[PDB]
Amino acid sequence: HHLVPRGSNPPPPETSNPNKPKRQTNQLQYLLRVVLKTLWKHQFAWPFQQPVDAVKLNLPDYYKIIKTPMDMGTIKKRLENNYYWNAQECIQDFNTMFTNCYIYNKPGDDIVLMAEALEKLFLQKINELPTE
């Protein structure tokens, strides 16, 4: 951990906003109960379920390169804690998650194929959102 750089990890992203008024909506409810749940169980979801551990995954420069980390565990907590004001904010966090993967990794990488498959499913599921 000295001679060869091993990296280090930030605290995970914030998942609650104590100042924010509770505002439940049908789209946010659908995002939690259907979209995220469907994405979570996909065969390729596991790498995206928790924050990247730059040290344990041997990605020592991950957090040099990725300034706005995001993962599905964080998105799940944000939906649970009514952190998002609207569906768009939630969608933006999914976009950040996928694009982080594309930014860090090379286009031909296995993890990129996985992210692309999840992203395609996500975009399909987004078409299902209720009419608020």
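Quick note: we count residues from 1 along the sequence shown, nothing fancier. What we label the rigid core is the largest C-alpha set whose atoms superpose within 1.5 Å from one form to the other.
Legend entry - Core-aligned Cα RMS comparison in 7 other deposited structures of this protein - stretch that moves more, 81-89 or 36-44: It is 81-89 that deviates more in 7 other deposited structures of this protein.
Inset, instruction - Just give me the stretch that moves more in 7 other deposited structures of this protein: 118-126 or 11-19, judged by RMS C-alpha distance after a core fit. - result: Output: 11-19, the stretch lying farther off on average in 7 other deposited structures of this protein.
Inset, instruction - Read off the CA B-factors in the entry, average them over 28-36 and over 71-79, and name the higher stretch. - result: Higher of the two, by average CA B-factor, is 28-36.
Legend entry - 93-101 or 53-61, whichever carries the higher mean Cα B-factor: Comparing 53-61 with 93-101, the higher mean C-alpha B-factor belongs to 53-61.
Inset, instruction - Compare the C-alpha B factor of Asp110 with those of the other modelled residues in its chain, then answer lowest, middle or highest third. - result: It belongs to the middle third of the chain when residues are ordered by C-alpha B-factor.
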